[PDB]
Each structure stands twice: as structure tokens, then as C-alpha cells.
Amino acid sequence: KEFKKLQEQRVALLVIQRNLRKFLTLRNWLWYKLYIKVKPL
Amino acid sequence: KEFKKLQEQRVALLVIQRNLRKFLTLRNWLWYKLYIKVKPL
Amino acid sequence: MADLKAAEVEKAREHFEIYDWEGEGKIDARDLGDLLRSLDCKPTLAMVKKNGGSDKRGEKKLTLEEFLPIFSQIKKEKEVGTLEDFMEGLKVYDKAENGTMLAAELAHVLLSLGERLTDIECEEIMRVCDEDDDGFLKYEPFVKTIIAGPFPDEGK
Amino acid sequence: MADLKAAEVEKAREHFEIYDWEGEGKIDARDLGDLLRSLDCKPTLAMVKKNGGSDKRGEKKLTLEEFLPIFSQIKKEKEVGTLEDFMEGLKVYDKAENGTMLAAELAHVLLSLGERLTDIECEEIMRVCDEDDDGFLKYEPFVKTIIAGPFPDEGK
Amino acid sequence: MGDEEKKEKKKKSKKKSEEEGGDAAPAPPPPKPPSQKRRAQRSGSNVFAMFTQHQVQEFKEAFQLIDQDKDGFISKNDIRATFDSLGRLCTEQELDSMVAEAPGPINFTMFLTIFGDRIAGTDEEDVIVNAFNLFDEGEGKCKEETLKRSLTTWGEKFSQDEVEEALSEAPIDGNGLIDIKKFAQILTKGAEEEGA
Amino acid sequence: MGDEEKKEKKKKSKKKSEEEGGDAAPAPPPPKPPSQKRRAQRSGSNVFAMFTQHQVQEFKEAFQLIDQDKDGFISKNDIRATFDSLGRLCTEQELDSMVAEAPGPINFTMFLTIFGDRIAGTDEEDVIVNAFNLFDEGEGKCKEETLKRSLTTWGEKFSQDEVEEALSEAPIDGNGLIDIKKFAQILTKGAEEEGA
């Protein structure tokens, strides 16, 4: 019954693995973020 | 009532059209006021 | 009554324009039925089928140009009916001393008189207050929403 | 069940990517038992050791290839939904069979014999069945409740 | 009205605001009584101040089409002509819209009562649910994507460019632009892309 | 001013009015407009749902001032002035990452489009966030203990304090760290701010 929580995690594991690679890719390719705070112009 | 398409569909569809013929124009006006929440602006 | 006059032609164009939706000026065969009824010729279902109409799904499309040499025949022998007659008639049933009408009861008296109400129309008379407690109409907003038609066009 | 089905292999390829946190494959030892339990095979801790698998953390881990002979040994033996010594394993304090046993001896005999599990589950075998003040609580419905199951079939 | 007839009473009905040149004739016949004129034009009357903003710049964006001259007071139909075809985006028929947002020649002085006459204009305020709403069989608010639909399936036919443009230019609120906002468009929600 | 309002605006702003002009009459980038503020102007430049939904920059997806309020230019030396303060840490290689998007500070017309239509890397903010939020156990989780050993025997090599400092910023909740806050440092709300 709990394996249900884990069964929707089978596709989710495939998303965090590409995203961890993009944690370093977009840190060599910055100017791809900027969202509301006090720094925008 | 129970044709299911010739009922109150018609009156609306004609006013719908009266906007559709000019949908590019009539979705704005002389002064563009949208600067709030637009896909590129 | 009335003969062929500008006012009737307008009445017929107006009902027709409601009855389309395609924007192509074509109404189906079956719609000849209720067009003629709205025009106040008071046909029976026989008169509809006489004019190749239907009480089933359409078979073919009619332009107004077909419909009108049917219609200029239909006008002969008709009563345009009064309004005040149906009010006076329906005042006869009461349920509060205010001209109020239980829905089942109003279907049943029609059923059992005349050419006799079908299964479907008694469901339609009933429809408003369906399947709850049965279920009270009032004569004045009843007749009036029927004759006016439910959105012939409005400014709101 | 009593034999491997083709869909239990097709189920196990999908659920392989769950067990390894990467979305790859490598069955965790406690999640060894969760795969057999989502494929209708629910051995004991002493039957797991006979098949050569696992159902708890710290035990051998395997890959899905290696999972098929382990899974196939349970099918040949009990616990795939077979009946013998479930609701046949209860009652011995009553020499009457009314399909009932004592309330007191239906919650502290699973705790004084058995592999021994939670006091909450000891309270579910008492909850599924009827209650009377004659001291007669049924044993035989909590088991059939398990036959009904979350899924009688292959979990998902 | 027969086949032929509803071609004719686009050009012949034409009950303001519908008396506009069109895309291939203006709006499809309203039925014979003139109730529905009110959904052809709505008009309010609140005037809003000029030079109070700093999105006031907008009047300079429109300017050229409505002021050929450098201190304006040009010809009085030229608002009603040119601005139609690329001012507040492409495709002409902006005739009566323009004659109801300008009460004679527009210029920087005159701007208070055009900015104000935006809110009078055509199909401005007088917010009502039922108008578009009754299409989808009275079920949920009748928004953008069903209008596009209707234009390629039913109803009278008009230039497809304007519609595909209009969807793309949407702000997005998530249920699109409801009938409320289709009227109340002056106060929030406008367009993107080329022009004015 | 006037019809020559457009003809003076190319001399008022000229970082993009001498790079792209009118298509219906020489004017600044749009087909005719004299002013069109800090808008994305003509056509699209971004349709949202690719990395941002509520932020726009004058080189992210839009243009600077073609107005008589002179240039609005936002440098790439301003992006370097974000990493110096609040935003992603001060690192010298990120100021080299700015040369990697295009050398030094640079004028924009077809640069604002490239990045505005760039969906490369991490995707949409709700798409990236949602992954384990289709089930919930601590608000969605990824089991923290099983993922670290799969990120030091294989996969990316992060130590056992680097899987706490570069894969986590959420405490174990649901028999795993919250996946919401883990996605956050990768994209939006912890990946921010990469300027301007």
C-alpha cells in the first residue's frame, strides 16, 4: 500500500538525476536565472 | 430547449462572432495598459 | 389570422435565425415543426409530417427559400391565440389560492386531454422542479417564459 | 497464484527502478520483500531463508535476474493466497466451534506465541469481527478480509 | 434567414457598433428585434488623467497614425481609417471603435478624453455574465479557446489571422479571458506584439 | 513629433533601433511605433513555461526604451554586479560565464530572443519542482540515505558532507529529504539570482 508512494517515485528519480547534472551545467552557463528579489533592473 | 445546439447557443455565438471578426483589435485599445503579467512583456 | 404581410416575413426570418447555429442559413427538416408553432399557425404533428418534417433526427437541410412556399399555404385557417386565455385557464388549478401548480399535476391534466401529451413532454413540464418534493410552479412566470422563448436574443 | 505469470515479470521490471535511488536497478533487501508482497507472495522470515531472499534490511541484496528463482520457490510452497494454518491456525481455548474464540485470548496469544507483531494489529483481529457481551469474538473474518486485499492481484 | 440572406445582413446589420467595414463584411445577423445592440456596444463614462503615469509613453506609441502633423489637428476620418489597420494591432474594422474613443482629432491636449473615452468606447464596462456564457450550453465561463474553436467550425466566417494572433498575445490568467474581462478589458488585460 | 516622431526616436535610442527597424515605415524595431517602452515589442520573444513565469529582463526576453527617455541599456557588467552581492556566490569564473553567453557587455535585439526561447538546462519552474510531488510523504521526498551511496559509488562524486551541502538543504521528513527544497537550489529560489 506504501509501495504506491514509491511507485510514483520511479519516474521522479529520473528527473532528479538530470537535474543534478544541470546544477553544475548552468554554473558555467549562468544568466539563466533571475527571479524577484531586490537585485533586478 | 432540448435540440442541444439550437437552444441559447445561437445568441451567444453571434456576439462571440462580433468579437471574433476583430479579435486582434478589440482585445486592446488606444492605450496598452498591460504591463503586469504578459508572456514576454 | 393574417395573409402574406411584411410582419409575418419578419416573424419567420427571426425564428429561423434562432434555429440555425452554423451561420450557413440552413436549418434541418424537423425545425419546420416548431417554426410554424412559434409563428402561431397552431399546427399538429400531422401538419408537420405533411410538410416532410420530422420528430426524429434530420435527413436534409432547408433554406428559407424552401420553407416560405410551404408557409404561405400554412397561414390559411389559424388563430394567433390570445395570451390572457392561458392565464384564465391555468388559474383554475390552485394550491395556495395564488395560481400555484404542482408539476406532476400540471403534466397529468394535459396528458389526459386533447391530442394527448407524450412521455417526453410531461417530463419537460415536470423538468423545472424534477425529483425532489414535487414541486410548485406559478402560472404567470410559467406561461411567460414559454411564449417569450428562452433567449430569442437579449441585450444582457 | 501457484506459478509465475508473464505480467509479474513485466511488473518487476518497472518496480526495479524504484528500489535503486537513481532510477536504475538493484533491489534493496527490505524492498526485496516489498516486491514479493506486490506480486502476491508473502512468506515468513523462516520461508524467506528457504527461498534464499530477503524481506528486511541488512539481509542479502540481489538484482532482478536473481530475484526469479527466489520468487519461484514461494509459488511452489505456501503463501500466495493459499489456506492452511491462517484461520485454521487460531482457536484452542474453545472446544466449541461457533466460529468464535475469547477476546482476551485473541490479542495476547499473538503476542505470547507467533513471530510477534504490533499491539495495533492485535487490535485489528478484534476489530474486523463482531462483538457481543457473551465473550464470543469471531477469528475467521479478519483472514478473509486479507483475501479481499488492497489488491487481490498484482500491486501497483 | 436563408443561405444568401445571412451574407447580406452582415453588411446590412450593421447595428452600432457593428457598422464597420469588416474582414469580409462585419458581424453575423442579430435576430430581427434590436435588443442585442447593447452587446454590440457598451459604453461607460470615467475619465482618467493624462501625465499621471509613466506608462503615459503609450500615447506617443499610438501618435503617428492619429497625428500625421507634429502638433496634430489633422483630418477627422484619419483616426477612423489608418489606425484600423496596424494601430492596436492589424486588420481593419476599427471604424466605430475609433469614432467612440476619439470625439474629434486626437492630440496630447485632447488625450484626457480619449483615455477617458477608452472606458466608453465599444464593449467597455456594463459587465454581464450571460453574453458569451450561454455558448457551451451555459456550462462554465466562455473564454478565448472556445471562440477560436467556433470561428473554424460554426458561425459566420472571418479572417483567421486575427484569432491566432489574439490567443498568442493573451496575458494568461489560466482560464483565459472570460466574458467579464472581454468587456472590462480597459481595466487590466490588453495585448502583445506589433503596433500600435 | 508627428509622423517624424518615429524618425527622431531612432536618434534617441539606437542600441536596437539601428539594428532592427520598422516593416511598415522606418521606425524603431516595431513596424511603426515611435515609443513602446521596455516591451518585447514586435512578435514574441518568450511564451513563458520554460524557466520563468513572473520575471522579465531587458535582455532576458525584451528590449530597452526606444523612447525619448534615452537608452535603458542593462549591461552584462550589471550581472557581474549581482554575483558580487545577493545572488549566486562571488566567483570569478561566473564573470567568465558572462563572456561565455556573449563577450563583455553587449547590445541586444536577437540575444534577448535566444535566451527568451532557451529551454536548455533545467526546464519550467513547476515542471522541475514536481517529480516527487505526485505522491506525498513529508511534502514529497526522495529517500536521502539511498541516493547518497548512489552518488559516490557511481554517478556524480559528492562526499558524505557534500550530499548535505550540494544535494540537500531540507531535513529528513517522510523518510527522505524534501524534494521541493532540493529542486529549489538547482532552479529558482536558491539558484537565483544569475542577474541582471
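Quick notes on this one:
The letters A, B, C, D, E and F name the chains in turn, as written, and every chain counts its residues from 1.
The rule is simple: a residue touches a chain if its C-beta (ideal position, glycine included) is under 8 Å from a C-beta of that chain, and two chains touch if they have at least 3 such contacts.
Counting C-beta pairs in contact, the chain pair with the highest total is B-E. Centres computed as Cα averages put subunit A at a distance of 15 Å from subunit F. For this pair, subunit D with subunit E, the centres built from the Cα atoms lie 69 Å apart.
The distance from the centre of subunit D to the centre of subunit F, with each centre set as the mean of the Cα atoms, comes to 52 Å. Multi-chain contact residues of subunit F (touching two or more other chains): 37, 40, 44, 47-48, 54, 142, 147, 151, 155.
Residues of subunit C found to touch two or more other chains are 17-18, 20-21, 23, 151-154. Counting only residues that touch two or more partner chains, subunit B has 7-9, 11, 13, 17, 35, 37, 39-41. By the document's touch criterion, interfaces exist between A-D, A-F, B-C, B-E, B-F, C-E, D-F, E-F. Of all residues in subunit A, only 1-4, 6-7, 9-11, 13-14, 17 touch subunit D in the complex they form.
Only residues 35, 37, 39-41 of subunit B touch subunit F when the two sit together in their complex.
By the touch criterion given at the top, residues 20-22, 24, 28 of subunit D touch subunit F in their complex.
Against subunit E, the residues of subunit F that register as touching in their complex are 1-6, 23-24, 27, 30-37, 40-44, 47-48, 67-69.
Note for the complex: subunit E touches subunit C at residues 1-6, 28-33, 35-39, 128, 130-131, 134, 154-157.
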